[PDB]
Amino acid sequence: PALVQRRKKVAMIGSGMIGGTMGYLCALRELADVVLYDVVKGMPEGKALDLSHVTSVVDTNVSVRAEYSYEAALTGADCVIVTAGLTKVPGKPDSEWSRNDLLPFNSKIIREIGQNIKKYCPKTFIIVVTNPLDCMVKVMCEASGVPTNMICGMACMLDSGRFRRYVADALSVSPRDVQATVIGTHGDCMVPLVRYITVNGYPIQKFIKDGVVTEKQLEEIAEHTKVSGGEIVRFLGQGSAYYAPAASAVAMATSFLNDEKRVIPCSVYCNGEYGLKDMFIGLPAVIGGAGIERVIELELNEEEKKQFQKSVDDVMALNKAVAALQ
């Protein structure tokens, strides 16, 4: 009869490794109907079929469909997750992999998508994934026109998860009980907050005194955290990480769709925090039904401010660069 409860709808703009994987999580958990969009014809339909098949195997019921027009993909989307763009510069060695070099390639793609979001789903919650992340979020914000609390970028939840897993291993505890955060720009200048590491809220410092972990060891973990993306790029040979990036993005989408109010670091709009304005950078935030509801301005020690400033310079330089392109 009259539909009273409508399933949530998530449009995956870009159906590569991450888009498909996020679609998988949606089908596995029955979180929402899924739309797979991409410029590559055919592939999206193959994945949609494969995913629709998953719903039977795992006894869930959501609709997964491919769409090749912006209008069909975006109309009615409660949340739009963008992964469209390149992951590596063509004809460039894995050792020279740089997220920033992707800017000239993905800038125009993010812009076009945002103009379409503005046209077809101006009230949606946008989650950007495309690199260089913090820069692409701004481009997306300017082109989409959505309120600044309704757009963010997935980056720091992934970096923090990496940070968390390494600490968890060192301590021999579930990463569920390791709170470790990475803030700043998603890249070599990201800032792992070693000082803020807690084990179920217990200061990491005590674990150092009790000899469970050493200061040197934690510093090495922070370093491993910064280069984890490039490490996977090198091991994989082709493309980059997608399982954790997909899981992080969906976690954020979920906190939004279910108004959970999780505390998740991500690339958020700056309203004066740290003296920053009209830009996006990775900071701890609360994601709820009204989108980004809080942005935490942590007190930084000398070393952290130093690293964060460099993170800020990197971002502002990238945004200057995009402004020069168009």
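The term rigid core refers to the maximal set of C-alpha atoms that superpose within 1.5 Å between the two forms. Don't overthink the numbering: it's just position in the shown sequence, from 1.
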TODO: Please work out whether 271 to 279 or 25 to 33 has the higher root mean square C-alpha deviation in 4 other deposited structures of this protein relative to the shown form, with the rigid core as fitting region?
DONE: 271 to 279
Open item on the list: Superpose by the rigid core and compare 295 to 303 with 57 to 65; which one moves more, by C-alpha RMS, in 4 other deposited structures of this protein?
Closed with: 295 to 303
Task: Between 86 to 94 and 181 to 189 (mean CA B-factor, as deposited), the higher - done: 86 to 94
- [ ] Output the stretch having the higher mean C-alpha B factor in the entry; the candidates are 213 to 221 and 161 to 169.
- [x] 213 to 221
TODO: Please work out which residue in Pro284, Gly275, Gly46, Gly291 has the highest C-alpha B-factor recorded for this crystal structure.
DONE: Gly275
TODO: Going by the CA temperature factor in the entry, name the top one among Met279, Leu51, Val57, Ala32.
DONE: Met279
TODO: State the tercile, meaning the lowest, middle or highest third, of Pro104 with respect to the CA B-factors recorded for its chain.
DONE: highest
Task: Chain thirds of CA B-factor: placement of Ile18 - done: middle
- [ ] Select lowest, middle or highest to describe the third in which the CA B-factor of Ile110 falls within its chain in this entry.
- [x] highest
- [ ] Sort the modelled residues of this chain by their C-alpha B factor and say whether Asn116 lands in the lowest, middle or highest third.
- [x] highest
Open item on the list: How does the C-alpha B factor of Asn149 compare with the rest of the chain: lowest, middle or highest third?
Closed with: middle
